[PDB]
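A.B. asks: Same order as they appear, the protein sequences are chains A and B.
Under the deposited numbering, the first residue of the first sequence is numbered 1, with each subsequent residue one higher.
Residues 3 to 217, 231 to 428 in the deposited numbering are what the second sequence lists, from first letter to last.
One structure is given below, represented as structure tokens, and several questions about it will come after.
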Amino acid sequence: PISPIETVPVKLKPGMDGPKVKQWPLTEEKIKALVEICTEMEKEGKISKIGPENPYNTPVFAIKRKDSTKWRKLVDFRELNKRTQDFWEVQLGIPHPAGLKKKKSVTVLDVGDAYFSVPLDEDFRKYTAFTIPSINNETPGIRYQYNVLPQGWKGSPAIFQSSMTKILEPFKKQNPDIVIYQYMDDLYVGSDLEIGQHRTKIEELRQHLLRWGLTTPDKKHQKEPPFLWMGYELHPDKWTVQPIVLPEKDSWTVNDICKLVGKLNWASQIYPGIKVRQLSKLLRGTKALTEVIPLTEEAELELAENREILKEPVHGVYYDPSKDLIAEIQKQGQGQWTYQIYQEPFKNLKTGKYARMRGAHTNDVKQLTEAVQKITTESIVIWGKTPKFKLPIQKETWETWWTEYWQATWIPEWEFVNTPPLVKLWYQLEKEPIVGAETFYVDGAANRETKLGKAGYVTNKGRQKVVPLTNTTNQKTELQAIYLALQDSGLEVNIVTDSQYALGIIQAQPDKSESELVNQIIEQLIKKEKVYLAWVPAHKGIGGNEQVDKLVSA
Amino acid sequence: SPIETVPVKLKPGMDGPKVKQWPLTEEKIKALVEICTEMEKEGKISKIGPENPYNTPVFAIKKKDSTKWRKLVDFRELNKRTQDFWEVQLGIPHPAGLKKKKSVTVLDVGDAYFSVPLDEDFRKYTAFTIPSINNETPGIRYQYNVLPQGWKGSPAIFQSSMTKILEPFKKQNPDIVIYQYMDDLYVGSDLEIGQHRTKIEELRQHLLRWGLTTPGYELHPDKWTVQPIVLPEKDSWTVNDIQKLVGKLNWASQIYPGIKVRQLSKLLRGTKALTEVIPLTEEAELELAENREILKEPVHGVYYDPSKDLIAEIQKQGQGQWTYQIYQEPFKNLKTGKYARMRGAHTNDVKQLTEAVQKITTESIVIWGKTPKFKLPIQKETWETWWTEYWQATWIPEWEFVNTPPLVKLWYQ
DNA sequence: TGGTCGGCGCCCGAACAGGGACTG
DNA sequence: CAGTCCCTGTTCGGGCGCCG
Ligand SMILES: Nc1ncnc2c1ncn2[C@H]1C[C@H](O)[C@@H](COP(=O)(O)OP(=O)(O)OP(=O)(O)O)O1
Ligand SMILES: [Mg+2]
Ligand SMILES: [Mg+2]
């Protein structure tokens, strides 16, 4: 029935009143069910009728469920919520099979009519006012109000969750040895007792709950391995995501692409190496989620590729704390990366990806460390431990990039894994002028309101060049210029600048940028076997400096 | 029951701290909880629900090889919102005399605050949420009934009864300067390590039998000179070797409006080869021994204006090479310094950058009576990932993240 | 016909934010 | 001094996915 648990205190937003929106007509179908529910609901005291003394009202509707004769009754509390005080959500994250420890005995329970078992506070009840229409569109609707957490109220969640934890508080306290993964009203009891004694504790827990008003109907996974839990399938020694069907279609709308990426993103936790870049890319031109969008080659493939991976069944294992937690990662190219965590080779716990290109001027070692974090954070969220690593980047390419970078980048205990495509800095930058090397003096500029500008260089061995740039900017110049001082130079060069914009960009040895021009500088940079690049103040009349200004300042 | 829970309020038009709690460790949660367990059993904290929309991040850090964890909270976002109850109403008189102390000793004692019932109508902000591994259970919340360590008013309100607990040893030894910051207390004197140390141990028998309790430890920040902006010391100069010490002194100039440019700006006026050696004249050679004196002469324009926030900047150089930019305004470097990994087990970037954010602040608090606003060189993700690992500062300095090319690091190199 | 809530993730767009460089 | 651009980051909201 309805629970004796302590009700929860909720007020409204300072100086704000209740909802007063009408009920937008519903099918002759839903009404039929709403009237079939409230009948019982009110009969069970979950809702009390009301009369004229209740000034407020908000709409409601119904929903069918996964192969269920049952309907879910919802209330469009959008307004109320706005006017309702706000709580601190207690649901921090989500449990993950891979974080489950192997247990001798498992059970799964789903509290019945969950919300409707938790009492809404006596004072607030007044706003949950609603109206259930008539079919003959004659008799004025019947009105009621909830006496239990309403389905769709901004607060129900954190309250239920909270209410629940307190209800189990005593059992867990007197049964420290039974793990109980709880999510909303979904209970997963893990025990290390024998079927005998476990099934016995499982009843205790059940009765306890019912005694507190929480019914645990037979929709309780028993000797049900495989258990269905949080969208997975829990087997004695492995687990797997439930049938995850992708949409086979011809012409693709935008949300369609959205459903794909979402799902594949769901897949990406166990089927390894799903890739999405070229499909997400396919969604930059923000438009109508009913608007037909074309499919690209890079996309078309990325689709079918993954679509294949999803054919071969895959699965993951559980966690063993008495054994190191490993994670390895590999490059999938073009800024994407895939990875998995295991403890026993080939029997991994979870898989994943990292396709976020943080920045406009970074390289792989930046994007690799960018991923090592993703994995640690996440990893701690799941095992509250941080994995040892196996990385496709030479034990030195690192002792280089870090002792050489200006920022304090760090990577945990890690080993090397010779498994191409390895990750290595595509080139270096001489930190000492190159003797017997044509010393260029580069620079340029363009004009504010006017169209063009320009840039050029000058050698110490005598050589002059400059080019007429169009639509460029203070930056699109300095760089556009250092681009030629490479092709127009050999294995060994020596460029200098009074700018820092282009100095730092090339000071990170970036090998990937959003600006094609930049890639062109790197591209060339890789080709030369020695290149130095120092800096000297601008417009402070320095040797070989001024000449360049003028040659371009025009 | 005549007690006195001092009433307090947040600034005008300022909600409370609503900051999401972040991932912890098995070891960290196991203690962080084992703590709050006792802490509730002794009414310092009390479980609370969802209906309290206020939250502050929390965590723990074992310390000093007490191999005992201490609970801590990032009240930063609160202290910022907790009105000037700590500013314009109960400021702190700068005991500038601590800069001179031969040997100062720091000792956390805020552990006394938990005997000072806090305004209940205010407790609703001290709400912190503890999480669980793999999200087995939802956030276990709590509130504060007594005084929350690591808060603005937490020390301010207590200081009154504090000073009065001091009179017996603070008047029979007025020679020493005693300062209290957040939770830690500072006792700077001049005595030798044989004596001076044996006394801090007396100030214990005084404070433990007066309530309070507490489980190289000393400091002499002034006993360490800020390394000036040193220049190169060669006997042959190349085209770049010159253009470099040139562009360096071009910026190391706004720190000294009086620093010579032209004599070394003259050595080049044509597109010359970087390798090429071209030593100098006697004027530009006297400029090397001249603009080399301005670098032993303390900068001028440095006024410690308590009206503004102490800012700082840091630099990654090489082998535990980090440098102090403690300043309140552009080029107005109140004091600068460094920090090198000691001759011990060589640690990593972040591990140190953190001590090198803690060390630099330990002083900022003694030499000024407050904390900086660090402009950090690391990446957000990175910092936030491991920073909590290597920290024993019972407080948390405000901070930001910043990436900017070097050659500006040279000037401190 | 359609429509609710909270948690987390991914991606995208927009609105900020701070430097550096120039113009008035 | 300002008022500006360039540029680089951040933050935030939105949609879809998964769970209840
Ligand atoms: N679509 C939804 N909208 C709002 N709340 C939901 C939704 N789905 C689930 N909830 C919340 C409210 C529910 O009371 C609670 C549990 O739902 P659920 O366990 O799936 O069925 P139920 O506990 O309401 O009755 P039953 O045991 O017959 O399935 O979770
Ligand atoms: Mg249910
Ligand atoms: Mg220039």
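Note that CB positions come from ideal geometry on N, CA and C, so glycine has one too.
Could you please tell me which residues of the stretch 160–173 of chain A, in chain order, have their CB closer than 7 Å to any CB of chain B?
C.D. replies: If the cut-off is 7 Å between Cβ atoms, the stretch 160–173 of chain A has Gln161, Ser162 and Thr165 near chain B.
A.B. asks: Could you tell me which whole alpha helix (DSSP H) segments of length 4 or greater appear in the stretch 242–322 of chain A?
C.D. replies: Those alpha helix (DSSP H) runs which fall completely within the stretch 242–322 of chain A and span 4+ residues are 254–267, 277–280 and 297–309.
A.B. asks: Tell me the start and end of each unbroken alpha helix (DSSP H) in the stretch 246–285 of chain B that is at least 4 residues and wholly inside, in chain order.
C.D. replies: Correct list: 254–264 and 277–280.
A.B. asks: Give me, in chain order, the residues of the same chain whose beta-carbon lies closer than 8 Å to that of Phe130(A); leave out the 5 immediate sequence neighbours on both sides.
C.D. replies: Counting from one through the first sequence, the residue named residue 130(A) turns up at place 130. So the list reads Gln23, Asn57, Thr58, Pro59, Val60, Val75, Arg143, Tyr144 and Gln145, once near-sequence residues are dropped.
A.B. asks: Where do the ends of the beta strand (DSSP E) carrying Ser68(A) lie?
C.D. replies: As a working note, residue 68(A) is residue 68 in the first sequence. From DSSP, the beta strand (DSSP E) with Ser68(A) extends over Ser68 to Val75.
A.B. asks: According to DSSP, simplified to helix, strand and coil, what is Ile341(B)?
C.D. replies: Residue 341(B) sits at position 326 when you count from the first residue of the second sequence. Residue state, collapsed to three classes: strand.
A.B. asks: Compute the Euclidean distance between the alpha carbons of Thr107(B) and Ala98(B), then round it to the nearest angstrom.
C.D. replies: Sequence index remark: in the second sequence, residue 107(B) carries index 105 (1-based). Sequence index remark: in the second sequence, residue 98(B) carries index 96 (1-based). Going by the C-alpha atoms only, they are around 16 Å apart.
A.B. asks: Quick check: what's the CA-CA separation for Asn255(B) versus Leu289(B)?
C.D. replies: Your numbering for residue 255(B) matches position 240 in the second sequence. Your numbering for residue 289(B) matches position 274 in the second sequence. Going from the Cα of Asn255(B) to the Cα of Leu289(B) covers about 5 Å.
A.B. asks: Kindly identify the DSSP beta-bridge partner or partners of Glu233(A).
C.D. replies: Counted from its first residue, the first sequence places residue 233(A) at position 233. Paired residues: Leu228(A) and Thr240(A).
A.B. asks: Over what stretch of residues does the beta strand (DSSP E) that includes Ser48(A) continue unbroken?
C.D. replies: In the first sequence, residue 48(A) corresponds to position 48, counting from 1. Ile47 to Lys49 is the span of the beta strand (DSSP E), which, as asked, contains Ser48(A).
A.B. asks: Please find out if some non-hydrogen atom of ligand 2 comes closer than 7 Å to the beta-carbon of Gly231(A).
C.D. replies: The residue given as residue 231(A) occupies position 231 in the first sequence. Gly231(A) Cβ: outside cutoff for every heavy atom of ligand 2.
A.B. asks: Tell me the residue span of the alpha helix (DSSP H) that contains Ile375(A).
C.D. replies: Mapped onto the first sequence, residue 375(A) falls at position 375. Start and end: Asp364 to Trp383.
A.B. asks: Going straight from the alpha carbon of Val496(A) to that of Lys454(A), what length do you get?
C.D. replies: By one-based count along the first sequence, residue 496(A) stands at place 496. By one-based count along the first sequence, residue 454(A) stands at place 454. If I take the Cα positions, the gap works out to 17 Å.
A.B. asks: Residues near ligand 2, CB to any non-hydrogen atom under 6 Å, in chain order?
C.D. replies: With the cut-off at 6 Å, the residues found are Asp110(A), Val111(A), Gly112(A), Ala114(A) and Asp185(A).
A.B. asks: Name the chain A residues whose beta carbon is nearer than 9 Å to that of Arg284(B)?
C.D. replies: Counted from its first residue, the second sequence places residue 284(B) at position 269. Under the 9 Å cutoff, chain A gives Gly541, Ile542, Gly543, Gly544 and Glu546.
A.B. asks: Answer with buried or exposed for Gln509(A), where buried requires no fewer than 16 other C-beta atoms within 10 angstroms of its C-beta.
C.D. replies: Position 509 of the first sequence, counting from 1, holds the residue named residue 509(A). The residue in question, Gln509(A), is buried, as its Cβ has 16 or more Cβ neighbours within 10 Å.
A.B. asks: Anything in chain A within Cβ reach of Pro420(B), meaning under 8 Å, just list it in chain order.
C.D. replies: Reading the second sequence from its first residue, position 405 is the one you call residue 420(B). Here the neighbours are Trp406, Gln500, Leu503, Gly504 and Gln507.
A.B. asks: Could you list which residues in chain A have their beta carbon closer than 8 Å to that of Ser280(B), in chain order?
C.D. replies: Sequence index remark: in the second sequence, residue 280(B) carries index 265 (1-based). Within 8 Å Cβ-Cβ: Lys540, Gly541 and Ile542.
A.B. asks: What I want to know is whether the C-beta of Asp185(B) ends up closer than 7 Å to one or more non-hydrogen atoms of ligand 3.
C.D. replies: For the purposes of this step, residue 185(B) is taken as residue 183 along the second sequence, with counting starting at 1. No, the beta carbon of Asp185(B) sits no closer than 7 Å to any heavy atom of ligand 3.
A.B. asks: Which ranges does the alpha helix (DSSP H) cover as unbroken runs of at least 4 residues, wholly within the stretch 351–390 of chain B, from first to last along the chain?
C.D. replies: As far as the stretch 351–390 of chain B is concerned, its whole alpha helix (DSSP H) runs of at least 4 residues are 364–381.
A.B. asks: Mind checking whether the beta-carbon of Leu74(A) lies closer than 7 Å to any heavy atom of ligand 1?
C.D. replies: Start at 1 with the first residue of the first sequence, and residue 74(A) comes out as number 74. Yes, ligand 1 has a heavy atom inside 7 Å of this Cβ.
A.B. asks: Can you name, in chain order, every residue of its own chain whose Cβ lies under 8 Å from the Cβ of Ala371(A), other than the five neighbours on each side?
C.D. replies: The residue given as residue 371(A) occupies position 371 in the first sequence. Closer than 8 Å at the Cβ level, and outside the excluded window around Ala371(A), lie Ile329, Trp337, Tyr339 and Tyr354.
A.B. asks: Of all the options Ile135(A), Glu492(A), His198(A) and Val35(A), which has the alpha carbon lying nearest to the alpha carbon of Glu432(A)?
C.D. replies: Taking the first sequence and counting its residues from 1, the one referred to as residue 432(A) is at position 432. Closest option to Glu432(A), Cα to Cα, is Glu492(A).
A.B. asks: Is any heavy atom of ligand 1 found at a distance shorter than 7 Å from the C-beta of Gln151(A)?
C.D. replies: Here residue 151(A) corresponds to residue number 151 of the first sequence, with the count starting at 1. Yes, ligand 1 has a heavy atom inside 7 Å of this Cβ.
A.B. asks: Please report the straight-line C-alpha distance between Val423(B) and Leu283(B), rounded to a whole angstrom.
C.D. replies: On the second sequence, residue 423(B) is found 408 positions in, with the first residue counted as 1. On the second sequence, residue 283(B) is found 268 positions in, with the first residue counted as 1. Each residue's Cα considered, the two are about 22 Å apart.
A.B. asks: How big is the Cα-Cα spacing for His208(B) and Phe171(B)?
C.D. replies: As a working note, residue 208(B) is residue 206 in the second sequence. As a working note, residue 171(B) is residue 169 in the second sequence. Those two C-alpha atoms are separated by around 8 Å.
A.B. asks: Tell me which residues share the same chain as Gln428(B) and place their Cβ nearer than 7 Å to its Cβ, disregarding the 5 neighbours each side in the sequence.
C.D. replies: The sequence position of residue 428(B) within the second sequence is 413, counting from 1. Here the set comprises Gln332.
A.B. asks: Given that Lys259(B) touches chain A, what residues does it touch there, using C-beta distances under 9 Å?
C.D. replies: For the purposes of this step, residue 259(B) is taken as the residue at position 244 of the second sequence. Simply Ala534, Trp535 and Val536.
A.B. asks: Counting only beta-carbon separations shorter than 8 Å, does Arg78(B) have a partner in chain A?
C.D. replies: Locating residue 78(B) in the second sequence gives position 76, counting from the first residue. Cβ-Cβ to chain A under 8 Å: no for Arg78(B).
A.B. asks: Below 7 Å on C-beta distance, what does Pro25(B) contact in chain A?
C.D. replies: Counted from its first residue, the second sequence places residue 25(B) at position 23. The answer, in chain order, is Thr377, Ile380 and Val381.
A.B. asks: Roughly how many angstroms separate the alpha carbons of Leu109(B) and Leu279(A), rounded to a whole number?
C.D. replies: Within the second sequence, the letter at position 107 stands for residue 109(B). Within the first sequence, the letter at position 279 stands for residue 279(A). One C-alpha to the other measures close to 58 Å.
A.B. asks: Any chance you could list the residues with Cβ under 6 Å from a heavy atom of ligand 3, keeping chain order?
C.D. replies: This criterion selects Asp443(A), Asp498(A), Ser499(A) and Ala538(A).
A.B. asks: Threshold first: 4 residues or longer. Then list the alpha helix (DSSP H) segments lying entirely within the stretch 191–215 of chain A, N to C.
C.D. replies: Complete alpha helix (DSSP H) runs here, min 4: 195–211.
A.B. asks: Smallest Cα separation from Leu260(B): which of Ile329(B), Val245(B) and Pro272(B)?
C.D. replies: As a position in the second sequence, residue 260(B) is number 245, starting the count at 1. Checked all of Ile329(B), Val245(B) and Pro272(B); the closest Cα to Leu260(B) is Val245(B).
A.B. asks: Among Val261(A), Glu224(A) and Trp266(A), whose alpha-carbon lies nearest the alpha-carbon of residue 555(A)?
C.D. replies: One cannot answer for residue 555(A) here, as it falls past the ends of chain A, which runs 1 to 554.
A.B. asks: Exposed or buried, what is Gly190(B) when buried is set at 16 or more other beta-carbons lying within 10 Å of its beta-carbon?
C.D. replies: For the purposes of this step, residue 190(B) is taken as the residue at position 188 of the second sequence. By the neighbour-count rule (16 or more Cβ atoms within 10 Å), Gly190(B) is buried.
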